[PDB]
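Just the one chain here, laid out as structure tokens, in the form deposited in one PDB entry.
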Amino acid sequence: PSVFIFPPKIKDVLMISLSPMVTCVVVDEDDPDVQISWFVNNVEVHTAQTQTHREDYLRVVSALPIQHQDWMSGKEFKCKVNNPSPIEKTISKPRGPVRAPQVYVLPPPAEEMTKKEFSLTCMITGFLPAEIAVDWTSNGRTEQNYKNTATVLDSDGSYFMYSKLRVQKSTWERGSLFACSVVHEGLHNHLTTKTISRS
């Protein structure tokens, strides 16, 4: 077989209310006896959840809940898998500079406020490292009809991205406050928002 190790979501590690996880997905019915051991800076940990997946097209999935600060301070996380000789797989957050994002919600054209539904754009600029989470709300309630671009390497070595939220011309005209909510390690309490409305 061959294994792939994935990082926690950056929003989960920066938000103490959330549950970050390191995930080990191992590729390759014959035998379903495969043990997955886990290590943080080479000390074995026994708290992972593993559930099995027989694929018809196997892959087993083991998720290690992690301490937020272990990821942030750069520890690695390793998964050793068993079922030849066993496969190792490591992962960590590398060290480097931090620059806070600048966040801007852009007013939409008028010709768009005409349509039954139109897009609000949030522009996020000047940040390092590139990992970032961007989502939206409406009157403080979680909103989901948005899409983010991938981050792009800008000329000064920082990153930028945009987020686009779809809105109902009816919800806008009733005075709903829309906000772009951005989570990044360079921000106060790891979060910042920008608001726009009809108003």
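We call the rigid core the largest set of C-alpha positions that still match within 1.5 Å between the two forms. When you see a residue number, it is the position in the sequence shown, counting from 1.
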**Request:** Classify the number of deposited-sequence residues missing from the model between residue 28 and residue 29: none, 1 to 3, 4 to 9, or 10 or more.
**Result:** 1 to 3
**Fill in**
The stretch whose C-alpha atoms carry the larger average B-factor in the entry, 149-157 or 33-41, is 33-41
**Prompt:** Averaged over C-alpha atoms, is the B-factor higher for 171-179 or for 13-21 in this PDB entry?
**Reply:** 171-179
**Message:** For the CA B factor values reported in this entry, which option in 46, 53, 68, 164 has the top one?
**Reply:** 53
**Fill in**
The largest CA temperature factor among 121, 85, 125, 92 is found at 85
**Message:** Considering every modelled residue of the chain and its Cα B-factor in the PDB entry, is residue 81 in the lowest, middle or highest third?
**Reply:** highest
**Request:** Using the B-factors in the PDB entry, rank residue 64's C-alpha atom against the chain and give the third, lowest, middle or highest.
**Result:** lowest
**Asked** In terms of the chain's CA B-factor thirds, is residue 99 lowest, middle or highest?
**Response** middle
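As for the form deposited in another entry, it is not shown, yet the points below apply to it.
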**Message:** Rigid core superposed, CA of residue 146 - does it shift 2 Å or more between the shown form and the other one?
**Reply:** yes
**Request:** Kindly check if the Cα atom of residue 169 is displaced 2 angstroms or more between the shown form and the other one relative to the superposed rigid core.
**Result:** yes
**Item:** Shift of residue 95 between the shown form and the other one at or above 2 Å (CA, core fit)
**Value:** no
